[PDB]
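Q: sequence plus experimental coordinates follow:
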Amino acid sequence: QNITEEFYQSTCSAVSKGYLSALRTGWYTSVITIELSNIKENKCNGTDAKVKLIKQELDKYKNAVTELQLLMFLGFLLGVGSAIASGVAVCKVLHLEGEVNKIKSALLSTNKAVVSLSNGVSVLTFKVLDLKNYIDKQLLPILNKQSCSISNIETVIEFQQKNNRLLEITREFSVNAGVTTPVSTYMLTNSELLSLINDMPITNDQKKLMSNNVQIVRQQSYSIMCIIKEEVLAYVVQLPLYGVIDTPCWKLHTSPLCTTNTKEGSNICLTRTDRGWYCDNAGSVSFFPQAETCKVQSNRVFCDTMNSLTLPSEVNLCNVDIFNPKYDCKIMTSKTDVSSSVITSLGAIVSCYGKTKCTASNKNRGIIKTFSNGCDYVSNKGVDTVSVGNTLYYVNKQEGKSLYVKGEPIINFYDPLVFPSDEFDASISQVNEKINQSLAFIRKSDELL
Amino acid sequence: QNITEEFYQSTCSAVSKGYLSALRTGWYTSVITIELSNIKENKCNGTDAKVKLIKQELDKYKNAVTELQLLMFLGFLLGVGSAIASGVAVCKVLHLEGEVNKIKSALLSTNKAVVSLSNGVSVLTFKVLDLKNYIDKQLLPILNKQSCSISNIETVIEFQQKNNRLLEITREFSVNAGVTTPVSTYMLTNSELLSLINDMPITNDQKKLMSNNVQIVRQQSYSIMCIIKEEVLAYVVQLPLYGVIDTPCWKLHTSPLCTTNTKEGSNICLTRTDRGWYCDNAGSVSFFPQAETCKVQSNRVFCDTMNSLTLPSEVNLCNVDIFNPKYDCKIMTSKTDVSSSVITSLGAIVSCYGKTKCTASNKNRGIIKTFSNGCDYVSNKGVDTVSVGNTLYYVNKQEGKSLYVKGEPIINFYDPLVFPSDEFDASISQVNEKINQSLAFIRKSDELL
Amino acid sequence: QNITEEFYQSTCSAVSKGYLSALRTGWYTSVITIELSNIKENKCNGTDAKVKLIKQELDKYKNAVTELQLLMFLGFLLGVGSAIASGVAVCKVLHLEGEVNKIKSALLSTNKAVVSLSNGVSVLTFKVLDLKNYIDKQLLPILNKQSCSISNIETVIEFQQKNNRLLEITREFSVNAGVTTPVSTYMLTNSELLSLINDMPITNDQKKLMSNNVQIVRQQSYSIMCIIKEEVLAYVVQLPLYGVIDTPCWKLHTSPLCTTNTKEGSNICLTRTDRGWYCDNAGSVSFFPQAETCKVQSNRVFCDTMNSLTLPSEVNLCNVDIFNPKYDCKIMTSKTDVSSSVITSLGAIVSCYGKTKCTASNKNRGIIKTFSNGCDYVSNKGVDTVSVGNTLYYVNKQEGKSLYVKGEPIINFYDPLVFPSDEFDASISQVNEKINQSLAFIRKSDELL
Amino acid sequence: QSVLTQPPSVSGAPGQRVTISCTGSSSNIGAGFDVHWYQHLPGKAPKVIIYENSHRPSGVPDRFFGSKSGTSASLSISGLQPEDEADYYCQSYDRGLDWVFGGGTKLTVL
Amino acid sequence: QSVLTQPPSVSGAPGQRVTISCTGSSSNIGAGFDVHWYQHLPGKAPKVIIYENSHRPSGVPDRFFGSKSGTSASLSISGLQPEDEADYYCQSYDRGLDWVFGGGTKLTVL
Amino acid sequence: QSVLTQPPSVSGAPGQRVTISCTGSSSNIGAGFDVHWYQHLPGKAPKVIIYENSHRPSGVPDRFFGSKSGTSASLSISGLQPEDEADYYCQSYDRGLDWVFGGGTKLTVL
Amino acid sequence: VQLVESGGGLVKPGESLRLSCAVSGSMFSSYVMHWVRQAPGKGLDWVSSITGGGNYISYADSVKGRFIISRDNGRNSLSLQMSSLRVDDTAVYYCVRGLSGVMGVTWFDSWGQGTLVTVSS
Amino acid sequence: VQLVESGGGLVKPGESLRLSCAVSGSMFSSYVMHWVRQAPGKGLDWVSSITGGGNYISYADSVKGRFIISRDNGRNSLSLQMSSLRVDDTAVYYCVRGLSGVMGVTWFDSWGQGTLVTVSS
Amino acid sequence: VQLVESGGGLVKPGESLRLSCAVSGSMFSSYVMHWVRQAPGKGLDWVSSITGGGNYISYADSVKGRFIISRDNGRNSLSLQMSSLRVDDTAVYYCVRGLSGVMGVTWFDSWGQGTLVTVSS
């Protein structure tokens, strides 16, 4: 639609602007129940081929139920929490005696009933497979009438079709310990997920967003086992519960803005250690440094709020003035000057340094730019390939407008002989304070003689 | 049972105590053989629908066989090792000529025989699918008697059920190159895994643990390819070999303990860079910094010994006195003062800093705590939600007792005008040595005039 | 074959030499089309068992189609880029109107025809499932002749076999948002992948390489959704496009070379922060620090060049002389002196430090080495197990020749009382410059009195 | 006409506790949703007394205490004071008419 | 005999633009492959004038401009100069005979 | 009665090599398990001479050398010395009676 | 944080008009805005909503499609086109600026002054 | 690292008693502990085991269920409840503290002094 | 970067020979090399290729198996055994040191001097 961007040459940082987003400020727990069956015996003294088939499938179902019975740069400066605490909480409140008998009694007639539980929390509990109503009188009476013989042949294929969901549940849970992510489609069919999402206490705008975009919600939930006993096997699919809706969430990329000097490897260099997403929520911004945890599906953004920091809104003025005395922008210091390119949401930032060949090649014309030393930016319109050094990046071909804020690099604003280059993480105020302290040292050492 | 914890306000560190564990001190190789079949030709000049079905299934099996033929913060300060060396070792010792016929001769009568091999290493070798004994005379004599016609229809479905395992072997191995984790249930059926666990040279206590907890063993193994030719198709499922058993493995979490000052951003900060697991074994402790590699299933703590450091027992006295001159505790220095919370095994550690609103909300009462500035701890009993700024964490609802060790933060033991805030990783002795050096610096600059 | 290795005791670094490789210098987009079918109605007022089976199967197919419609240490110092820009580019160039009608018109007769498209990019577009030609007259005329009754019973099993591919496509794509990796075998059958690799514009040597090693090509591609409508459901599998061929990619492992002093924890210690892969391409070397992104299948080294730096050839002279004034070798400084072992491609590098017992044990003899203090190397031939402290590494059993060059550790070349140990990343020239600056300070402070 | 129902004939003297109760259907309130209470003293525009049934904003005294249970929400005033004569409200989130509003209870001193 | 076909009877006076055109089969060039053009002045060894149909090496004047389209590749020389009399070539990557060479065009001044 | 079998009638003069051999069933020893040998001079407590069939603890001389093969374990003493007269043991890990113990061999000088 | 709006007066039924809101917040980009109405006699009701960028426009059930609500993020303003005007439309309208909930719901924080729109006669 | 225990003497058959072990180790939290016995005449045998926390009790096949093994981790002690007694149990009992194996097995490291328990007559 | 080779002369048909190339590059480990031939009259043709360690040896369709190409990486050299000979091989042979492509293809960069080999009579 209107995904714009700006490139600031002050720190050679890109900010892609207009990314109406959706945080993950809550969880929601829903107790899926699979109605299971208990079989006393499947003796079948007589033998046939189709009876052998149904016996093998019943034995696979029994092994599955037995296995289920046995199945009861700014990354350091973050907050870490377990993401499955809500599912464990409702599992612990399920594990108290008499709850799941209430669950069965409340789920006898309706197919999407709501139970109250002891804790006072309302959890949506609903069958999805009803194998108990199938095995009740479709297979057991037939197995025990014609001396263990099936008159038809399609019944075993129907049993395979019905048992595929439970067997895939067994496999997918046993592979992934007890907690699997993402939730698969045979864990929760997409029509059932749409009906469940429609029926849970959320904004109707969130219903529209979460029904248009069930892909990422399927990719963000967590399903955890719970009680298996009393033929009522149940697991909790803790679903995301989205908070703010369509808030502008600008994306910040960075590249090492080194110096233009060529003599040996005596270079001074700042890399703005602030890459990631900036969403706006409440009176603050949420900062997501983990670019691998935030999905960028369509022009919307689904982020994990638990893996975020909070910042005041003055970090927006971090984008314009890097020396602004309202918010302390974070930069890192380095002496190495390798060539590096980061492909922004529409164009590409390059930084070619020392003696390296970089070009911006289009597949229908050839090389068009041939970047010199220093940070530079190439728009989406005109190129589709950015080669730096001995490697080749493909720049995103997503339509939108780009702006180029002209200026000089901040590297020229520093003194090479006094600059400190050992800070893996720092700030503008801290670096300037150390510069002032070292300059005061220089003046006091000069005045000491 | 008795998963207690303590909170030390000296470094605002949580230590959850009582986590009887099980390490992974060894590997154990076991050679699964799938008895394959060789078919000269499946011509079938006549054409029927069921014969077309069995022809397509045999073609898929042949493509699978051809596929298998073609298928032949303290994280930096660690030790990196390849985790599949034992399976590659037994694969290399299999690949020499003559061992395949020895395996086939030793597995002719018994189902779960033991093969001595050439290297002197004993490997458990056992069939799990026996497709050769099925294809031998169930399908080939039928295919070449009635002018390529099948009298029944259930045979192709039986072939589907028998070939599903081999086709899933094909898919799961081809997706994951040659080395895949976790081992799936169709890769090794759980009854066969229990029988293999029972039959391998391990403690009977470890048999009880690894039969009660087959999920983590399944989630921790590594299956690698072996020879395919001579219709013998084999792969080694390298299984974990647990060492110490039920050892108290206390878990340490830390949160950034900054200063209480509010002026601008001039804050000093110690963040204890020691989070992870501490398992007791031999006369030492194993330190697991990677919290993503240690599983927490039930109250037992399975871990990866290969991804651990060793420390003397004096690190336990690191928990009480941070200035104890017996073990050098590791802390990190920082000037950033963002609000951060880490939810411990029962409660939650919060540090709300600058100007942020945090609360400990219970879903039945509301906000109850409203943390002030400084590190603070909120117990499990009473709350079920911790909000820090605009992010929401769910605190674990696992029952147990909590202790609150009262004290003053170590920030007040440091002088802000001289404190160093560069060290990404350091120690108490190193930081105090630098403090002493800079104090002598100040005194010699005073006496120089 | 001839995988040699060298151990340098100067920095106790292992360099495994001879690893004829293959980079990933390009991408290539290929348009898989599944010919879908549109069904107006499947009323079936009459009911039977097999008709119920085929109705449930058609309902599952319709739900899958609807879901598809809704489905429309040197790691910081790198270059980060999106890996799926080519597939998004061809998806965007497909999304303009009239392209997929051209795809259908050019794909009516030939099964692997090529279209030119509007952008001027040639894309290999082809069918793999042709379900439209199956549903055309095999199921719809039969459903509407005998009052919705199927005379046969194997047709539903044939429909299961044909619909398994599309249902697995639906599951695998809905699990992984819209972009999945690796490409599965039911996503692209391996006969089709071999024929597609054979037909795509690449070197014949690269054809031989990616036909012998389709495992890693399968494990490095990216499949992305495309247009779904007009019953012509398409998705782009973006395949790796390998550049240089059999170029030597020597692997550099490092271990912490700390000091031999035992007094307390006052140790001066150097860890070469340079571990990873080194490939030669053009007149430069490509450096892969991420050892988790480069596959080491057979003795060939497939890699991801998008996660690599460029370096001049003088980094090879970094291997011999660490103080060589042609390339600035990268080292890191540390005071912690934990015992650590890494295992190189054949042998093992150990450093047993403080009071820590390590041994190199062979399973047929027992302990043979019992390493002392300092870095040491143990060859493959003689051992198969390396224990350091209480952790047990298995050493790779890959055959080859080892060289052990002799020398003294570089820590003995440094001054204990003046060394700077706060550099997470630095260089030999930077560390020596800081040493010279601090020594000049020492001499000027001595001369000031 | 609105789905929210409370009797708008509640009065009380200053000094004791006055309880305002409003009940909703199954679609609103009881389906995991929230209820918030405001005031409508004439003149100044309505402001929020209590949101999420337990929380309070910055300037709100200890007189007001809200609660919800099942499909019924209540708000208690402990020690009423003379200038509290206003229109107290309930808001729910019925899945039809989205942000429904109650009929309003006119609380006046005697 | 070679799969690459260009007429070796093209010549022109210095001053104007001369275009060399060469076409291949379906297996080479048009199947996503590249075409490169060299020069063969007698004496010194042949050197590359244009590779990947657009790029240029270090020392090459602005006279030579190459292009490819479909199956046919062209190379235009603008403002011919007398010592350009040589053999101009095409190279493709036919999947049979691997690195095939064209018959060559003898460009001479008049 | 124990599953471990060794003849408890082995003796030899000081000076030469004497080998103690003990064999077990298929469930113990040969099923990938280990055999350890302890020594039982009257008076002080028994102590391990050899564990994992090859290793040794801190204070153990070079007289003792152990080995295992198949289902049989051996321990050789080279050049006997007079105060070695004791009860030498084998232990194993039979899957029934868990930590089974041998009958013990009384080694004495002559 | 206080909301001020204008545009009230007497309007004949049937014709359309524009009613504007001039919110003067500092972080008016994430806060979810709504409009409510009230009349003498009957109780206060709900009119309209708007969330963030403007891609999740939601309406009441008493009015649907008649009222058009939009907002300019750069100008910090809101507006409604009032296409149809029935007798029930005479009301005092309130802008309202609410925050997202612990789950997603809004509790109608600090209200605007309120503009009276009369449609009778 | 030396183990010292007491509790021996003469006990009539049939009645229970307690046999206590007073290990003075520094890391008696991870080491796998056992009790062995030896009678004059017949060879030395095995009695009981215990691993760390105390959730993996394992017993011999000669005596199962009759003997109860427990340990106090805080007090650094072991204990056996000697429920029921036969003629064969007169023996010298040894506490034995052993370390975990390279796989899992224990080789019965440094032994205790040995306490005599006589049950005859 | 210039390539120099020798080994030409008159050779009777049928017998084998060795023609050697003496490349003198500084990064002669990664560059893909080829050998081409040219007779008077007919245009250029392709003879041979070599890439990397030498495990992807490729040949022309005009001559297959008769010519054996190898290279010594340490000695910085190339060699061709010219097993069997016909009339067509009298040509000037050029060593070719081409770089890897943007995809994989080679454009035959800087050429050798060219050695003339005659086979007639």
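A: Looks like it came in fine. Residues are numbered from 1 along each chain as shown, chains lettered A, B, ... in the order given.
Q: separation between the spatially closest residue to residue D:41 that is not a sequence neighbour and chain C?
A: Of all residues not flanking residue D:41 in the chain, residue D:86 sits nearest, at 4.2 Å (C-beta to C-beta, 6 or more residues apart in numbering or on different chains). Just so you know, the C-beta spots here come from the backbone N, C-alpha and C atoms, and that holds for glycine as well. According to C-beta to the nearest C-beta, to the nearest Å, residue D:86 stands 48 Å off from chain C.
Q: roughly how far apart are residue D:86 and residue G:46?
A: Separation of residue D:86 from residue G:46 (C-beta to C-beta, to the nearest Å): 20 Å.
Q: between the two, which one's more packed in?
A: Here residue D:86 and residue G:46 are compared on neighbour count by other C-beta atoms under 10 Å in any protein chain shown; more neighbours surround residue G:46, at 23 against 19.
Q: thought that one was touching residue D:97?
A: Yes - using C-beta atoms under 8 Å, residue G:46 and residue D:97 qualify as a contacting pair, with a distance of 7.0 Å.
Q: which residues do these two both contact?
A: Each of residue G:60 lies in contact with both residue G:46 and residue D:97 under the rule C-beta atoms under 8 Å, 6 or more residues apart in numbering or on different chains.
Q: so what pairs up with the residue nearest to residue D:41 in the strands?
A: Listed beta-bridge partners, residue D:86: residue D:107 (assigned using DSSP bridges).
Q: pretty sure it contacts residue D:40?
A: Yes - between residue D:86 and residue D:40 there is a contact at 5.3 Å, judged by C-beta under 8 Å.
Q: for chain D, list the residue farthest from the centre, please.
A: Computed with C-alpha atoms, centre = their mean, the residue of chain D farthest from its C-alpha average is residue D:96, at 21.1 Å.
Q: helix, strand or coil for the closest residue to it other than its chain neighbours?
A: Distances taken as C-beta to C-beta, 6+ apart place residue G:61 nearest to residue D:96, at 5.9 Å, with adjacent residues excluded. Recorded secondary structure, residue G:61: coil (DSSP: H, G, I helix; E, B strand; the rest coil).
Q: contact partners for residue G:61?
A: So residue G:61 contacts D:96, D:97, D:98 (C-beta under 8 Å, 6+ apart).
Q: residue nearest the centroid of the chain?
A: Reading this off chain A. By C-alpha atoms, centre = their mean, the most central residue of chain A is residue A:293, 3.6 Å off.
Q: can you look at chain G instead?
A: Short answer for chain G (C-alpha atoms, centre = their mean): residue G:35, at 2.7 Å.
Q: ok so that residue is a helix residue?
A: No - read with three-state DSSP, residue G:35 is strand and lies in no helix.
Q: is it in contact with residue G:91, as I believe?
A: No - counting by C-beta under 8 Å, residue G:91 is not a contact partner of residue G:35; they are 10.3 Å apart.
Q: residues contacting the residue lying closest to residue A:269 once chain neighbours are set aside?
A: Excluding the flanking residues, the one nearest residue A:269 by C-beta to C-beta, 6+ apart is residue A:258, at 3.8 Å. Counting by C-beta under 8 Å, 6+ apart, residue A:258 makes contact with A:267, A:268, A:269, A:334, A:337, A:351, A:353, A:411.
Q: is the residue of chain D found nearest chain G bridged to anything, and to what?
A: Nearest residue of chain D to chain G, counting by C-beta to the nearest C-beta: residue D:51, 3.7 Å away. Beta bridges link residue D:51 to residue D:55 when assigned by DSSP bridges.
Q: tell me where chain D has strands.
A: All strands of chain D, identified by DSSP state E, fall at D:18-23, D:37-39, D:47-50, D:64-69, D:72-77, D:86-88, D:105-107.
Q: can you add distance to residue F:46 and give those strands back as TSV?
A: As requested, those are exported to TSV (distance: least, C-beta to C-beta, whole Å):
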stretch	distance to residue F:46
strand D:18-23	81
strand D:37-39	80
strand D:47-50	76
strand D:64-69	71
strand D:72-77	77
strand D:86-88	86
strand D:105-107	88
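Q: just so I know, which of these lies nearest residue A:305?
A: strand D:47-50 (24.2 Å; C-beta to C-beta).
Q: check whether the closest one contacts chain B.
A: No - in terms of C-beta under 8 Å from any C-beta of the partner chain, no part of strand D:47-50 sits within range of chain B; the closest distance is 9.9 Å.
Q: and that strand, how far out from the chain's middle?
A: How far strand D:47-50 lies from its chain's middle: 9 Å, per C-alpha atoms, centre = their mean, to the nearest Å.
Q: show me what it is packed against.
A: strand D:37-39, strand D:64-69 (3 or more C-beta pairs under 8 Å, 6 or more residues apart in numbering or on different chains; DSSP states H and E).
Q: nothing else from me, thank you.
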